[PDB]
Amino acid sequence: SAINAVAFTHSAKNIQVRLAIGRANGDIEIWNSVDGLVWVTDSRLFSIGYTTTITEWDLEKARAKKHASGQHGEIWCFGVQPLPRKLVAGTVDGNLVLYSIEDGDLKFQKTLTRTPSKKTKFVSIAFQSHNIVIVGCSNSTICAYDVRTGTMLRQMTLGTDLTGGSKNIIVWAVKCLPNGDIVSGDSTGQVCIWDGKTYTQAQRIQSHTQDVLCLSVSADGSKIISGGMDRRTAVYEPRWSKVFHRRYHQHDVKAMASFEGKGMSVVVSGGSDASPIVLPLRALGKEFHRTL
Amino acid sequence: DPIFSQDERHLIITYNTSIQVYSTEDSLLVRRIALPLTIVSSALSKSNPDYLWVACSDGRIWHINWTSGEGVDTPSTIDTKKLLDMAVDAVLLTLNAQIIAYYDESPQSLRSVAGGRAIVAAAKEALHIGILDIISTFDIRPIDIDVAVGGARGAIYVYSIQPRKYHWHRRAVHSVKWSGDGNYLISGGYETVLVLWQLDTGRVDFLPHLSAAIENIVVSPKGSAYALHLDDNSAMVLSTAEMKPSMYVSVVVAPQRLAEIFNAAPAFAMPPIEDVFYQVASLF
RNA sequence: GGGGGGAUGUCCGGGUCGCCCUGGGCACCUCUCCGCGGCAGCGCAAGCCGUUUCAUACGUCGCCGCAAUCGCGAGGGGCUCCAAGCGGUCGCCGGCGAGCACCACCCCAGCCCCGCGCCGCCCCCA
């Protein structure tokens with residue numbers, strides 16, 4: 001019933017762009033228990049549930065074409081590389097697992113590296129550049145890697161959980177910038193933009209009260225859309241600040257997806273109120289819309 | 001509307017009957033200065049002196065000072081309607097429905113922007129910038145300008161096109177001012193809490209419990225003490241990070257390397273001393 | 001909507017009974033002020049309308065004692081009675097002890113919650 005993943009086909013004629021949702025039954029639905037899904041373009045979508053299988057999905061057949069799997073354990077994130085292709089998929093055991101998307105086949109290619117602590121469960125990824133990766137962790141750390149060599153760049157460690165109870169900052173969502181910096185949407189409500197050349201933080205914007213589960217940037221690097229375990233989304237503008245926050249949603253917001261083409265620059269959010277809800281990017285322009 | 005002195009130790013308060021100056025360091029009132037009603041504003045004179053400027057509800061321009069009682073005799077009535085708003089610069093300008101200086105909706109207030117001048121006019125939802133939500137109050141900082149508008153609700157829009165909502169207050173805001181170096185946005189409210197907006201890393205930290213009184217706050221001439229006007233007929237000079245009222249008003253070379261210059265080839269068969277001297281001076 | 005009144009369109013008492021009228025009941029529709037408040041000029045005039053954001057800080061904590069006061073109630077007896085006990089509040093010109101740190105790094109277990117597979121038992125055919 002609930003949303004767990006949204007993705008647009010492109011993000012930039014009659015070019016077939018489509019919208020791919022993942023419904024918490026296990027379903028997938030496309031507009032004009034699954035846990036993640038991406039597209040690939042150079043266009044086919046890949047999804048994971050909680051099990052270790054990462055599966056393609058043929059659309060005109062509407063059947064699970066070309067399953068893939070592996071040894072390690074539960075995939076909790078994956079993503080595709082940009083151009084100057086593979087997949088990177090981080091799991092519970094601290095492995096990050098590269099899958100090959102050589103021309104048509106989805107192969108279990110290679111496990112590059114893994115954290116020494118088994119108690120570091122990865123949560124999300126985003127790609128700072130072509131060949132180097134940003135991954136959140138179940139501890140306070142988010143961490144960079146290189147896939148040319150597999151190596152482990154600087155741990156970008158967040159603090160403790162000050163507000164009460166737990167110790168660990170569980171980083172639920174990580175995204176990137178065209179500027180070269182990376183936003184980390186952690187637990188405890190906060191967001192923080194980390195610098196990209198030196199991999200340290202530069203700003204720690206506290207807006208939400210409960211953990212930001214998802215966020216997404218504009219395609220020009222201008223507006224940042226966060227969405228939390230509260231009923232709350234919030235926008236950010238230029239180093240940065242927030243503008244406002246309206247409870248568009250009714251449960252926690254669980255998945256964002258932005259699009260900036262065809263004269264229709266919209267960002268679509270979904271959570272656990274079973275109601276996908278679409279926003280413009282020009283947030284002072286006009287109202288919003290929702291679809292069920 | 002309360003105002004400090006150029007040398008910080010004097011506070012300045014207008015009442016509904018007179019003008020009273022105060023010692024920020026030691027005690028209560030210094031001068032009962034006569035100011036009849038047979039009140040719009042009071043600021044300081046800008047360029048050379050620090051006398052005063054008081055405007056009453058109709059045109060009677062008091063140019064009056066402390067350090068004396070001089071100025072109790074000379075008003076001015078060059079304007080015909082009852083005066084609404086008042087601002088000085090350096091050069092006086094008065095809002096009457098429009099300006100007179102030296103338009104659709106009802107006027108609210110009018111403020112002046114420093115030496116390379118600009119004007120900021122204030123109707124309900126209009127605001128007029130002049131180069132050369134329903135409003136309640138607003139402040140400003142230059143250097144090229146930034147305007148923080150409060151509201152009849154608890155939304156504090158910030159402008160540098162798009163505002164920023166800084167909504168906290170569970171009623172109208174009564175006071176919004178920029179702090180010092182512009183890092184914080186010190187705001188007040190009806191509900192006795194003096195909120196410090198962080199405006200950096202977007203946190204809030206405040207002074208909650210007080211005499212049910214917050215309206216018309218002012219900031220020190222330095223980054224120091226904020227003075228609060230207070231609706232229980234009280235002012236309160238609070239120094240900063242105390243949040244405690246200060247005023248209530250109611251050649252080193254090891255020898256072994258030169259030994260190593262002279263160890264091998266004992267006296268004869270040693271290199272010639274031009275070369276040995278180049279070894280020694282090259283060591284030094 | 002106060003009264004608005006169109007045999008509008010309605011039944012029940014009333015006339016042998018034709019359209020109908022006669023007392024009680026209301027659904028539809030257009031006016032003076034308001035029953036109530038929202039918009040445009042000067043202490044006050046003239047004309048319009050309807051029955052989503054958001055909540056209140058730091059400053060230092062632990063144990064024990066006194067004094068006023070208040071509560072519960074095992075256990076026993078017919079909503080009441082007694083009592084072992086045990087806590088809260090206001091004053092402590094009560095005293096004692098310690099302040100990162102109830103934290104960081106790691107390892108071994110345990111409470112709880114969650115996964116998956118064996119047994120222990122009860123089944124039904126057989």
# chains A, B, ... in the order shown; residues from 1 in each chain; ligands from 1
>>> residues_around(residues="segment 16-18 of chain B", least_positions_apart="2", cutoff="9 Å", atoms="only C-alpha atoms (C1' of nucleotides)", output="JSON, numbers by chain")
{"B": [13, 14, 20, 32, 33, 34, 35, 36, 37, 39]}
>>> write_last_selection(atoms="N, CA, C and O atoms", output="PDB file, in the first residue's frame")
ATOM      1  N   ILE B  13      13.952  56.699  26.717  1.00  0.00           N
ATOM      2  CA  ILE B  13      12.595  56.168  26.636  1.00  0.00           C
ATOM      3  C   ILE B  13      11.613  57.326  26.502  1.00  0.00           C
ATOM      4  O   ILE B  13      11.693  58.300  27.257  1.00  0.00           O
ATOM      5  N   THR B  14      10.671  57.207  25.567  1.00  0.00           N
ATOM      6  CA  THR B  14       9.519  58.097  25.489  1.00  0.00           C
ATOM      7  C   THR B  14       8.320  57.441  26.152  1.00  0.00           C
ATOM      8  O   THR B  14       8.085  56.241  25.970  1.00  0.00           O
ATOM      9  N   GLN B  20      12.260  60.524  28.994  1.00  0.00           N
ATOM     10  CA  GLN B  20      13.028  60.193  30.187  1.00  0.00           C
ATOM     11  C   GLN B  20      14.299  59.465  29.771  1.00  0.00           C
ATOM     12  O   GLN B  20      14.233  58.463  29.049  1.00  0.00           O
ATOM     13  N   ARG B  32      13.735  64.388  33.735  1.00  0.00           N
ATOM     14  CA  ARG B  32      12.358  64.610  33.320  1.00  0.00           C
ATOM     15  C   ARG B  32      12.336  65.841  32.428  1.00  0.00           C
ATOM     16  O   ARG B  32      12.450  66.969  32.919  1.00  0.00           O
ATOM     17  N   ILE B  33      12.199  65.637  31.124  1.00  0.00           N
ATOM     18  CA  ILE B  33      12.231  66.731  30.165  1.00  0.00           C
ATOM     19  C   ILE B  33      10.811  66.955  29.661  1.00  0.00           C
ATOM     20  O   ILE B  33      10.124  66.001  29.279  1.00  0.00           O
ATOM     21  N   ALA B  34      10.375  68.214  29.683  1.00  0.00           N
ATOM     22  CA  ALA B  34       8.983  68.549  29.413  1.00  0.00           C
ATOM     23  C   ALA B  34       8.653  68.387  27.936  1.00  0.00           C
ATOM     24  O   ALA B  34       9.427  68.779  27.061  1.00  0.00           O
ATOM     25  N   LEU B  35       7.482  67.816  27.667  1.00  0.00           N
ATOM     26  CA  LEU B  35       7.061  67.506  26.309  1.00  0.00           C
ATOM     27  C   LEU B  35       5.539  67.383  26.275  1.00  0.00           C
ATOM     28  O   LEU B  35       5.002  66.281  26.428  1.00  0.00           O
ATOM     29  N   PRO B  36       4.818  68.480  26.068  1.00  0.00           N
ATOM     30  CA  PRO B  36       3.369  68.497  26.303  1.00  0.00           C
ATOM     31  C   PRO B  36       2.588  67.814  25.181  1.00  0.00           C
ATOM     32  O   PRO B  36       3.147  67.272  24.231  1.00  0.00           O
ATOM     33  N   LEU B  37       1.260  67.856  25.318  1.00  0.00           N
ATOM     34  CA  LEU B  37       0.337  67.326  24.319  1.00  0.00           C
ATOM     35  C   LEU B  37      -0.813  68.289  24.056  1.00  0.00           C
ATOM     36  O   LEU B  37      -1.944  67.859  23.817  1.00  0.00           O
ATOM     37  N   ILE B  39       2.217  61.367  20.103  1.00  0.00           N
ATOM     38  CA  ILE B  39       3.630  61.045  19.949  1.00  0.00           C
ATOM     39  C   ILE B  39       3.825  60.114  18.762  1.00  0.00           C
ATOM     40  O   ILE B  39       3.212  59.050  18.709  1.00  0.00           O
TER      41      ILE B  39
END
>>> interface_residues(of="chain C", to="chain B", cutoff="6 Å", atoms="only C-alpha atoms (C1' of nucleotides)", output="ChimeraX atom specification")
/C:54,56-57
>>> interface_residues(of="chain A", to="chain C", cutoff="9 Å", atoms="only C-alpha atoms (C1' of nucleotides)", output="list in words")
residues 244, 245, 246, 247 and 248 of chain A
>>> select_by_dssp(residues="segment 33-270 of chain B", states="strand (DSSP E)", output="PyMOL selection string")
chain B and resi 33+41-43+53-55+61-62+85-88+92-95+99-101+107-113+118-123+127-131+138-142+145-149+155-159+165-167+176-178+185-187+194-197+204-207+214-219+226-230+234-238+245-249
>>> closest_atom_pairs(of="chain A", to="chain B", cutoff="7 Å", atoms="only C-alpha atoms", output="tab-separated table")
residue	atom	partner	partner_atom	distance
A:203	CA	B:201	CA	6.8
A:204	CA	B:201	CA	5.5
A:205	CA	B:201	CA	4.6
A:206	CA	B:202	CA	5.1
A:207	CA	B:202	CA	6.3
A:243	CA	B:164	CA	4.5
A:244	CA	B:165	CA	5.4
>>> write_last_selection(atoms="N, CA, C and O atoms", output="mmCIF file, in the first residue's frame")
data_model
loop_
_atom_site.group_PDB
_atom_site.id
_atom_site.type_symbol
_atom_site.label_atom_id
_atom_site.label_comp_id
_atom_site.auth_asym_id
_atom_site.auth_seq_id
_atom_site.Cartn_x
_atom_site.Cartn_y
_atom_site.Cartn_z
ATOM 1 N N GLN A 203 28.072 22.869 6.201
ATOM 2 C CA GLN A 203 26.872 23.461 6.782
ATOM 3 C C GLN A 203 25.983 22.351 7.322
ATOM 4 O O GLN A 203 25.862 21.292 6.705
ATOM 5 N N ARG A 204 25.369 22.601 8.474
ATOM 6 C CA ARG A 204 24.549 21.620 9.181
ATOM 7 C C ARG A 204 23.185 22.253 9.447
ATOM 8 O O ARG A 204 22.951 22.809 10.518
ATOM 9 N N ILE A 205 22.276 22.167 8.486
ATOM 10 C CA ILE A 205 20.980 22.826 8.598
ATOM 11 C C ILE A 205 20.048 21.926 9.395
ATOM 12 O O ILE A 205 19.700 20.825 8.956
ATOM 13 N N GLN A 206 19.643 22.393 10.570
ATOM 14 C CA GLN A 206 18.649 21.704 11.378
ATOM 15 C C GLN A 206 17.270 22.249 11.037
ATOM 16 O O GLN A 206 16.960 23.403 11.350
ATOM 17 N N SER A 207 16.464 21.443 10.391
ATOM 18 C CA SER A 207 15.085 21.840 10.148
ATOM 19 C C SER A 207 14.073 20.905 10.782
ATOM 20 O O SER A 207 13.234 21.356 11.565
ATOM 21 N N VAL A 243 13.532 27.531 3.058
ATOM 22 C CA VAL A 243 12.567 28.588 2.794
ATOM 23 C C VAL A 243 11.339 28.350 3.655
ATOM 24 O O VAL A 243 10.979 29.195 4.481
ATOM 25 N N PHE A 244 10.697 27.197 3.489
ATOM 26 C CA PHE A 244 9.498 26.900 4.250
ATOM 27 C C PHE A 244 9.376 25.396 4.424
ATOM 28 O O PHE A 244 10.208 24.622 3.945
#
>>> residues_around(residues="residue 74 of chain C", least_positions_apart="2", cutoff="12 Å", atoms="only C-alpha atoms (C1' of nucleotides)", output="ChimeraX atom specification")
/C:72,76,83-86
>>> write_last_selection(atoms="C-alpha atoms (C1' of nucleotides)", output="PDB file, in the first residue's frame")
ATOM      1  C1'   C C  72      -1.540   4.900  49.424  1.00  0.00           C
ATOM      2  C1'   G C  76      -6.085  -8.897  58.864  1.00  0.00           C
ATOM      3  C1'   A C  83      -1.627  -1.405  61.553  1.00  0.00           C
ATOM      4  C1'   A C  84       3.511  -3.139  59.859  1.00  0.00           C
ATOM      5  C1'   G C  85       5.375  -0.004  56.547  1.00  0.00           C
ATOM      6  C1'   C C  86       6.437   3.391  52.202  1.00  0.00           C
TER       7        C C  86
END
>>> residues_around(residues="residue 128 of chain A", least_positions_apart="4", cutoff="9 Å", atoms="only C-alpha atoms (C1' of nucleotides)", output="PyMOL selection string")
chain A and resi 132-134+144+175-178+180-182+196
>>> residues_around(residues="residue 11 of chain C", least_positions_apart="6", cutoff="12 Å", atoms="only C-alpha atoms (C1' of nucleotides)", output="list in words")
residues 24, 25 and 26 of chain C
>>> residues_around(residues="residue 135 of chain B", least_positions_apart="4", cutoff="10 Å", atoms="only C-alpha atoms (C1' of nucleotides)", output="compact mmCIF listing (two decimals) with N, CA and C atoms, in the first residue's frame")
# COMPACT_ATOMS: atom_id res chain seq x y z
N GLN B 108 1.46 51.93 7.01
CA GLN B 108 1.75 51.38 8.32
C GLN B 108 2.97 52.04 8.96
N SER B 109 4.12 51.99 8.27
CA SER B 109 5.35 52.53 8.83
C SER B 109 6.36 52.75 7.72
N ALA B 122 6.07 51.12 4.00
CA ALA B 122 5.36 49.96 4.53
C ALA B 122 3.87 50.25 4.63
N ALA B 123 3.12 49.67 3.69
CA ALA B 123 1.67 49.48 3.76
C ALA B 123 1.42 48.08 4.32
N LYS B 124 0.18 47.61 4.21
CA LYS B 124 -0.20 46.27 4.68
C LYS B 124 0.58 45.14 4.01
N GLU B 125 0.35 44.93 2.72
CA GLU B 125 1.09 43.92 1.98
C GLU B 125 2.07 44.52 0.99
N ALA B 126 1.99 45.81 0.74
CA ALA B 126 2.97 46.48 -0.11
C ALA B 126 4.17 46.91 0.72
N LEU B 127 5.29 47.08 0.03
CA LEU B 127 6.51 47.59 0.64
C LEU B 127 7.32 48.22 -0.48
N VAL B 149 10.78 41.05 7.60
CA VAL B 149 9.42 41.48 7.86
C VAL B 149 8.77 40.48 8.80
N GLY B 150 8.09 40.99 9.83
CA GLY B 150 7.34 40.15 10.75
C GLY B 150 5.98 39.80 10.18
N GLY B 151 4.93 39.99 10.96
CA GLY B 151 3.60 39.66 10.48
C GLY B 151 2.52 39.63 11.53
N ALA B 152 1.26 39.68 11.09
CA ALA B 152 0.14 39.55 12.02
C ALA B 152 0.01 38.12 12.52
N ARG B 153 0.56 37.16 11.78
CA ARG B 153 0.76 35.81 12.27
C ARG B 153 2.22 35.66 12.70
N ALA B 155 4.78 34.43 11.27
CA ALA B 155 5.69 34.20 10.16
C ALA B 155 6.60 35.41 10.00
N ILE B 156 7.90 35.16 9.96
CA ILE B 156 8.89 36.21 9.80
C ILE B 156 9.57 35.96 8.47
N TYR B 157 9.12 36.67 7.44
CA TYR B 157 9.67 36.55 6.10
C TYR B 157 10.99 37.30 6.04
N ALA B 172 0.65 37.31 16.88
CA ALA B 172 1.43 38.32 16.17
C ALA B 172 2.79 38.57 16.84
N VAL B 173 3.71 39.17 16.08
CA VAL B 173 5.13 39.07 16.43
C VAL B 173 5.66 40.27 17.22
N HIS B 174 5.11 41.47 16.98
CA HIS B 174 5.34 42.69 17.75
C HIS B 174 6.77 43.25 17.69
>>> residues_around(residues="residue 99 of chain A", least_positions_apart="2", cutoff="12 Å", atoms="only C-alpha atoms (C1' of nucleotides)", output="compact mmCIF listing (two decimals) with N, CA, C and O atoms, in the first residue's frame")
# COMPACT_ATOMS: atom_id res chain seq x y z
N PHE A 46 15.47 -1.57 -12.60
CA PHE A 46 15.99 -2.59 -11.71
C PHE A 46 15.39 -2.35 -10.34
O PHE A 46 15.25 -1.20 -9.91
N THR A 53 18.29 -10.47 -4.04
CA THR A 53 18.15 -10.51 -5.48
C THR A 53 17.92 -9.10 -6.01
O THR A 53 17.10 -8.35 -5.49
N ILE A 54 18.66 -8.76 -7.06
CA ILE A 54 18.46 -7.51 -7.79
C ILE A 54 17.98 -7.87 -9.19
O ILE A 54 18.66 -8.59 -9.93
N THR A 55 16.77 -7.43 -9.52
CA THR A 55 16.07 -8.00 -10.66
C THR A 55 15.75 -6.92 -11.69
O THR A 55 15.44 -5.78 -11.32
N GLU A 56 15.88 -7.27 -12.97
CA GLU A 56 15.39 -6.34 -13.97
C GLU A 56 13.89 -6.51 -14.13
O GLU A 56 13.28 -7.43 -13.58
N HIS A 67 16.55 -11.95 -13.35
CA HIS A 67 16.94 -11.88 -11.95
C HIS A 67 18.45 -12.00 -11.78
O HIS A 67 19.13 -12.67 -12.56
N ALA A 68 18.97 -11.35 -10.75
CA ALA A 68 20.35 -11.50 -10.32
C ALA A 68 20.37 -11.68 -8.81
O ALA A 68 19.41 -11.35 -8.12
N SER A 69 21.48 -12.19 -8.31
CA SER A 69 21.57 -12.58 -6.91
C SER A 69 23.04 -12.63 -6.51
O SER A 69 23.92 -12.16 -7.24
N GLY A 70 23.30 -13.20 -5.34
CA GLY A 70 24.65 -13.25 -4.85
C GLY A 70 24.74 -13.98 -3.52
O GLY A 70 23.79 -14.61 -3.06
N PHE A 78 21.19 0.54 -4.11
CA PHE A 78 21.92 0.39 -5.37
C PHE A 78 21.72 1.64 -6.22
O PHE A 78 20.77 2.40 -6.01
N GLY A 79 22.62 1.82 -7.18
CA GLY A 79 22.58 2.94 -8.10
C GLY A 79 23.49 2.76 -9.30
O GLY A 79 24.45 1.98 -9.23
N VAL A 80 23.21 3.47 -10.40
CA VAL A 80 23.93 3.34 -11.66
C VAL A 80 24.88 4.52 -11.82
O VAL A 80 24.64 5.61 -11.30
N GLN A 81 25.99 4.30 -12.53
CA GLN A 81 27.02 5.31 -12.73
C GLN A 81 26.66 6.31 -13.82
O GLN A 81 25.92 5.98 -14.76
N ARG A 85 29.09 1.55 -17.95
CA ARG A 85 28.09 1.55 -16.89
C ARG A 85 28.18 0.29 -16.04
O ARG A 85 28.53 -0.78 -16.54
N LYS A 86 27.84 0.43 -14.76
CA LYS A 86 27.71 -0.68 -13.82
C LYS A 86 26.62 -0.33 -12.82
O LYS A 86 25.96 0.71 -12.93
N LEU A 87 26.43 -1.19 -11.83
CA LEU A 87 25.63 -0.88 -10.65
C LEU A 87 26.48 -1.06 -9.40
O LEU A 87 27.38 -1.90 -9.35
N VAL A 88 26.15 -0.28 -8.38
CA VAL A 88 26.75 -0.40 -7.06
C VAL A 88 25.63 -0.64 -6.06
O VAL A 88 24.64 0.10 -6.05
N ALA A 89 25.77 -1.67 -5.23
CA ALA A 89 24.68 -2.11 -4.36
C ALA A 89 25.22 -2.45 -2.99
O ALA A 89 25.86 -3.49 -2.82
N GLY A 90 24.93 -1.61 -1.99
CA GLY A 90 25.40 -1.82 -0.64
C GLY A 90 24.41 -2.57 0.22
O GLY A 90 23.19 -2.39 0.10
N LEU A 96 29.77 -3.64 -0.42
CA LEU A 96 29.21 -2.95 -1.57
C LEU A 96 29.57 -3.78 -2.79
O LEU A 96 30.73 -4.15 -2.98
N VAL A 97 28.55 -4.09 -3.59
CA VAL A 97 28.62 -5.14 -4.59
C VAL A 97 28.38 -4.53 -5.96
O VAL A 97 27.33 -3.94 -6.20
N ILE A 101 26.42 -4.42 -16.15
CA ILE A 101 25.31 -4.16 -17.06
C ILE A 101 25.94 -4.10 -18.45
O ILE A 101 25.61 -3.25 -19.29
N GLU A 102 26.93 -4.97 -18.67
CA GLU A 102 27.40 -5.26 -20.02
C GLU A 102 26.23 -5.68 -20.89
O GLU A 102 25.33 -6.39 -20.45
N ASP A 105 23.11 -7.94 -20.17
CA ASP A 105 23.07 -8.94 -19.11
C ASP A 105 23.34 -8.32 -17.74
O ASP A 105 24.23 -7.48 -17.59
N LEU A 106 22.58 -8.77 -16.74
CA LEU A 106 22.74 -8.34 -15.35
C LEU A 106 23.46 -9.44 -14.59
O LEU A 106 22.86 -10.44 -14.21
N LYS A 107 24.76 -9.23 -14.36
CA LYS A 107 25.64 -10.23 -13.76
C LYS A 107 26.04 -9.81 -12.36
O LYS A 107 26.19 -8.62 -12.07
N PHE A 108 26.23 -10.80 -11.49
CA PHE A 108 26.95 -10.60 -10.24
C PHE A 108 28.42 -10.46 -10.59
O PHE A 108 29.12 -11.45 -10.81
N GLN A 109 28.91 -9.23 -10.68
CA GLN A 109 30.28 -9.05 -11.15
C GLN A 109 31.30 -9.22 -10.03
O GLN A 109 32.09 -10.17 -10.03
N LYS A 110 31.27 -8.33 -9.04
CA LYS A 110 32.42 -8.20 -8.15
C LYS A 110 32.00 -7.51 -6.87
O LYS A 110 31.17 -6.60 -6.88
N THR A 111 32.57 -7.96 -5.75
CA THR A 111 32.51 -7.24 -4.49
C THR A 111 33.87 -6.57 -4.30
O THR A 111 34.88 -7.26 -4.12
N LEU A 112 33.90 -5.24 -4.35
CA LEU A 112 35.17 -4.52 -4.31
C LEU A 112 35.78 -4.54 -2.91
O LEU A 112 36.84 -5.13 -2.68
N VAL A 147 35.87 3.28 -7.30
CA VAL A 147 35.63 2.00 -7.96
C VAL A 147 36.62 1.72 -9.07
O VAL A 147 36.61 0.60 -9.61
>>> atom_distance(atom1="atom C1' of residue 115 of chain C", atom2="atom CA of residue 76 of chain A")
16.7 Å
>>> atom_distance(atom1="atom CA of residue 33 of chain A", atom2="atom CA of residue 270 of chain A")
15.5 Å
>>> decode(residues="segment 42-108 of chain B", atoms="C-alpha atoms", output="mmCIF file, in the first residue's frame")
data_model
loop_
_atom_site.group_PDB
_atom_site.id
_atom_site.type_symbol
_atom_site.label_atom_id
_atom_site.label_comp_id
_atom_site.auth_asym_id
_atom_site.auth_seq_id
_atom_site.Cartn_x
_atom_site.Cartn_y
_atom_site.Cartn_z
ATOM 1 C CA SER B 42 12.025 60.141 18.680
ATOM 2 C CA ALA B 43 15.396 59.328 17.138
ATOM 3 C CA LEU B 44 18.850 60.846 17.430
ATOM 4 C CA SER B 45 20.270 63.521 15.198
ATOM 5 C CA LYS B 46 22.636 61.869 12.778
ATOM 6 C CA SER B 47 25.516 63.908 11.415
ATOM 7 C CA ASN B 48 27.037 66.339 13.900
ATOM 8 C CA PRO B 49 25.005 66.298 17.193
ATOM 9 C CA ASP B 50 23.109 63.732 19.226
ATOM 10 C CA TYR B 51 20.286 65.991 20.322
ATOM 11 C CA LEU B 52 16.888 64.261 19.608
ATOM 12 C CA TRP B 53 14.011 64.358 17.092
ATOM 13 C CA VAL B 54 10.452 63.948 18.407
ATOM 14 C CA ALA B 55 7.297 64.072 16.287
ATOM 15 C CA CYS B 56 3.802 64.270 17.783
ATOM 16 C CA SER B 57 0.630 62.939 16.162
ATOM 17 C CA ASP B 58 0.157 66.204 14.279
ATOM 18 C CA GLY B 59 2.932 68.413 13.005
ATOM 19 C CA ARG B 60 5.034 69.624 15.966
ATOM 20 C CA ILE B 61 8.697 68.777 15.354
ATOM 21 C CA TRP B 62 10.584 68.824 18.661
ATOM 22 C CA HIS B 63 14.342 69.288 18.265
ATOM 23 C CA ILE B 64 15.327 68.685 21.864
ATOM 24 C CA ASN B 65 18.287 67.209 23.715
ATOM 25 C CA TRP B 66 19.486 65.633 26.904
ATOM 26 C CA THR B 67 22.568 67.005 28.768
ATOM 27 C CA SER B 68 20.114 69.963 29.193
ATOM 28 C CA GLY B 69 16.395 70.610 29.011
ATOM 29 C CA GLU B 70 16.820 72.778 25.923
ATOM 30 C CA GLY B 71 14.257 72.411 23.150
ATOM 31 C CA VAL B 72 10.955 72.715 24.998
ATOM 32 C CA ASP B 73 9.820 75.702 22.913
ATOM 33 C CA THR B 74 10.365 75.099 19.164
ATOM 34 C CA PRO B 75 7.949 72.871 17.207
ATOM 35 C CA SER B 76 7.261 73.017 13.454
ATOM 36 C CA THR B 77 3.993 72.614 11.530
ATOM 37 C CA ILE B 78 4.942 72.632 7.834
ATOM 38 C CA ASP B 79 2.598 69.694 7.105
ATOM 39 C CA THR B 80 -1.194 69.718 7.119
ATOM 40 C CA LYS B 81 -2.507 66.234 8.003
ATOM 41 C CA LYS B 82 -1.880 64.468 11.317
ATOM 42 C CA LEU B 83 1.607 62.943 11.168
ATOM 43 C CA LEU B 84 1.694 59.169 10.883
ATOM 44 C CA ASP B 85 5.353 58.157 10.566
ATOM 45 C CA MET B 86 8.759 59.704 10.923
ATOM 46 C CA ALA B 87 12.389 58.989 10.010
ATOM 47 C CA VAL B 88 15.657 60.953 10.203
ATOM 48 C CA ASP B 89 18.838 60.540 8.151
ATOM 49 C CA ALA B 90 21.986 62.377 6.994
ATOM 50 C CA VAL B 91 17.819 65.285 6.545
ATOM 51 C CA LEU B 92 14.307 64.487 7.671
ATOM 52 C CA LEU B 93 11.445 62.631 6.025
ATOM 53 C CA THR B 94 7.875 62.202 7.225
ATOM 54 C CA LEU B 95 5.083 59.861 6.144
ATOM 55 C CA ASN B 96 1.699 61.611 6.072
ATOM 56 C CA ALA B 97 -1.503 59.201 2.567
ATOM 57 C CA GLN B 98 1.975 59.753 1.141
ATOM 58 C CA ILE B 99 5.484 60.987 1.844
ATOM 59 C CA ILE B 100 6.953 64.401 2.268
ATOM 60 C CA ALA B 101 10.705 64.121 2.008
ATOM 61 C CA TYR B 102 13.720 66.260 2.938
ATOM 62 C CA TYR B 103 0.279 54.604 -3.532
ATOM 63 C CA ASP B 104 -2.761 52.384 -3.088
ATOM 64 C CA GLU B 105 -3.234 50.963 0.407
ATOM 65 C CA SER B 106 -3.183 52.255 3.981
ATOM 66 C CA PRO B 107 0.241 53.237 5.378
ATOM 67 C CA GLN B 108 1.752 51.376 8.324
#
